[PDB]
Amino acid sequence: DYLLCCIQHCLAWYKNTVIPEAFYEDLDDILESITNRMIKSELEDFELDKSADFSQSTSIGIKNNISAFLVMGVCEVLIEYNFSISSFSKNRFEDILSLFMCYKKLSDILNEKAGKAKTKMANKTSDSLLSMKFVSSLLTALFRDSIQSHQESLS
Amino acid sequence: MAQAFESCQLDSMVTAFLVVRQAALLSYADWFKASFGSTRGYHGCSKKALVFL
DNA sequence: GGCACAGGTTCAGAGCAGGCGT
DNA sequence: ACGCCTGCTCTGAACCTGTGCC
């Protein structure tokens, strides 16, 4: 999770200030691939919701709870990657939606399993890995953009 | 067969199948029902091992 | 009937109000 | 009336109950 966050943020830095030489051109495509294959991996590839019920006593449910938080963070760093590269591409905003759809499916699943026991699981209320930078620039464009060239992709 | 469905490769599967078939000449059916018991229910953890089979 | 927020309660100790030797 | 010791008052922390809602 954090490693993807690190690579993403270093990557954005590298594009922005350094460029104005094979490793980064590779890494762009690494992430693009990781996105495209993560898009169509529906938790039976990661053994979740049916093969696991994330029971925090069992070694399997605890391992599910570890890998689940990894992928939630992973999805988020890719939300960042997707948005960052492209100047408002409606394909890549659908990519962002799909990463969130995976994260949000893990969200409402872990809400179902947190609805039975007491609300002591503050591991689900662990911080996002996003630079505040991001939360600003996302919210900027979500609430304060009337630019019609962006507007179809932000809808 | 374990190696073959861990990697989900048909080459070693085909080898094992033809091996048991020539070993028969109903030992094929014996080995098949042995597979059906706690091998063929989960060849791989993913149920695409069934699709390759 | 269970699921959840708010209240008050017991604690546990810091740190100073004041009774008591010369 | 000044020095010495103690015990009381405040302060917040954590505990678990107590009651309202669906």
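Residues numbered from 1 in each chain as written, not as in the entry; some residues may be left out. Chains lettered and ligands numbered in written order. Part of a larger assembly, values for the part shown. Heavy atoms only, no water.

The PDB entry annotates chain B as Fanconi anemia group A protein originating from Homo sapiens. Per the PDB header, the title for this entry is "Structure of the human fanconi anaemia Core-UBE2T-ID-DNA complex in intermediate state".

Looking at the PDB entry, chain A carries the name Fanconi anemia, complementation group I, with the source organism given as Homo sapiens.

## Regarding the side chain of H150(A)
With respect to the helices, strands and loops of the structure, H150(A) is situated in helix α6 (residues 148-154). Setting aside anything within four residues of it in sequence, one finds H150(A) in contact with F88(A) and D145(A). (Helix = DSSP H or I, 4+ residues; strand = E, 2+ residues; numbered from the N terminus. Contact = heavy atoms within 4.5 Å.)

## A look at the packing of helix α2 (residues 23-39) of chain A against helix α3 (residues 59-85) of chain A
Residues and elements named next belong to chain A. Their axes nearest at 11 Å, the elements α2 and α3 cross at an angle of 125 degrees. With respect to each other, α2 and α3 are oriented oblique. Note that α2 runs across α3; the crossing there is left-handed. Across the interface between the two elements, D28, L31, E32, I34, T35 and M38 from α2 touch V71, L78, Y81 and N82 from α3. (Axes fitted to C-alpha atoms, helices over the stretch in contact; angles between N-to-C directions. Parallel < 35°, antiparallel > 145°, perpendicular 65-115°, else oblique. Left-handed = near helix turned anticlockwise from the far one by under 90°.)

## Side note on the nonpolar core
Residue and element names in this part refer to chain A. One finds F54, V71, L78, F83, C102 and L106 to be the most contacted residues of the largest nonpolar core, which totals 28 residues. Contributing elements (two or more residues each) for this core: α1 (2-18), α2, α3 and α4 (90-114). The element best represented in this core is α3, accounting for ten residues. Not counting the four nearest positions on each side in its chain, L106 is found in contact with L48, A68, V71 and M72. (Core = buried A, V, L, I, M, F, W, Y, C linked by side-chain atoms within 4.5 Å. Buried < 20%, exposed > 50% of the residue type's maximum accessible area, 1.4 Å probe, protein only.)

## With respect to a negative patch on the surface
All names here are of chain A. Taken together, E21, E25, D26 and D29 make up a surface patch of like negative charges. Along the chain, the position of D29 falls in helix α2. For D29, a relative accessible area of 44% translates into the label partly exposed. (Patch = residues over 30% accessible without salt bridge, like charges linked within 9 Å, V, L, I, M, F, W, Y side chains within 5 Å. Areas by Shrake-Rupley, 256 points an atom, 1.4 Å probe, with all protein chains shown as cover. Salt bridge = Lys/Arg side-chain N within 4 Å of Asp/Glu carboxyl O. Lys, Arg positive; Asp, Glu negative; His and termini not counted. Charge placed at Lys NZ, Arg CZ, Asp CG, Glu CD.)

## Some details on the packing of aromatic side chains
Inspection of the entire model under this criterion finds twelve aromatic pairs over all chains. The interplanar angle of 50 degrees and the centroid separation of 6.0 Å between the aromatic rings of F88(A) and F93(A) together place this pair among those described as tilted. Here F88(A) matches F93(A) in class, with each residue buried. Between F17(B) and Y28(B), the ring centres sit 6.2 Å apart and the planes meet at 50 degrees, which makes this aromatic pair tilted. Members of the aromatic cluster, connected to one another through ring pairs, are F17(B), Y28(B), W31(B), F32(B) and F36(B). Over the ring of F36(B) we find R40(B), and its NZ or CZ is 3.9 Å from the ring centre. (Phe/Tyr/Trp six-rings, centres within 6.5 Å; stacked < 30°, edge-to-face > 60°. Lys NZ or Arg CZ within 6 Å of the ring centre and 35° of its normal.)

## Thoughts on α1(A)
Three- or four-residue spacings in an α-helix give side chains the same orientation, since the helix completes a turn every 3.6 residues. Residue and element names in this part refer to chain A. Compared with an ideal rise of 1.5 Å per residue, which puts 17 residues at 24 Å, α1 spans 23 Å between its outermost C-alpha atoms and is within 8% of the ideal. Residues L4, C5, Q8 and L11 constitute the buried set of α1. What you see down the axis of α1 is that its buried residues fit within an arc of 130 degrees, all on one side. Exposed positions of α1 whose direction lies more than 90 degrees from the buried face are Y2, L3 and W13. Buried positions along α1 lie against α2 and α3. (Expected span 1.5 Å × (residues − 1). Arc of directions from axis to C-beta.)

## Remarks on empty space enclosed by the protein
All names here are of chain B. By volume, the largest cavity is sized at about 40 Å³. Taken together, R40, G41, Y42, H43, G44, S46, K47, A49 and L50 form the lining of the largest cavity. Per-class residue counts for the lining of the largest cavity are three nonpolar, four polar and two charged. (1 Å grid on protein atoms, 1.4 Å probe; cavity = no way out; pocket = protein on both sides within 12 Å on 5 of 7 lines; lining within 4 Å. Points joined across faces, edges and corners; volume = space filled by probe spheres on them. Nonpolar A, V, L, I, M, F, W, Y, C, P; charged D, E, K, R; others polar.)

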